[PDB]
């Protein structure tokens, strides 16, 4: 019953990591995740970003991939859950053999929960 739906939902959800987990890593300084802001918009358009995030535009990821450490775990995020740069960056990383996840809720969710940002 609803086998196809369940299969897609399970694979789909496995792409993400909960913001609570990301939040605890920074508040405990456990060094578990490296947060990448993969939006392609200019800095003047982005305005703010998740606290401690690294600007790694999806369009340059391939070229700057050598900058990332293979032994770490990456979390990518875009404007919203509907934008596709999060998934695009995730695909590049997973395809490259990197351990990565997309931030559930994206930047929109983070801001909605009044979580830490920076300019």
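Positions refer to the first chain, counted from 1.
Asks: For the stretches 81 to 89 and 58 to 66, which has the higher mean C-alpha B-factor as given in the deposited record?
Replies: Higher mean C-alpha B-factor: 58 to 66.
Asks: Return whichever of 48 to 56 and 35 to 43 has the greater mean Cα B factor according to the PDB record.
Replies: Taking the mean B-factor of the alpha carbons in each, 48 to 56 is higher.
Asks: Which third of the chain does residue 71 land in by C-alpha B-factor: lowest, middle or highest?
Replies: Within its chain, residue 71 is a highest-third residue by C-alpha B-factor, going by the deposited values.
Asks: Rank-wise, by C-alpha B-factor, drop residue 8 into the lowest, middle or highest third of its chain.
Replies: Answer is lowest: the recorded C-alpha B-factor places it there.
Asks: Determine, from the deposited record, the chain-internal third of the Cα B-factor for residue 104: lowest, middle or highest.
Replies: Its C-alpha B-factor, which the entry lists for residue 104, ranks in the lowest third among residues of this chain.
Asks: Taking the values exactly as deposited, rank residue 96 by C-alpha B-factor within its chain and report the matching third: lowest, middle or highest.
Replies: Lowest third, going by the recorded CA B-factors of the chain.
Asks: Which third, lowest, middle or highest, does the CA B-factor of residue 23 fall in along this chain?
Replies: Top third by C-alpha B-factor.
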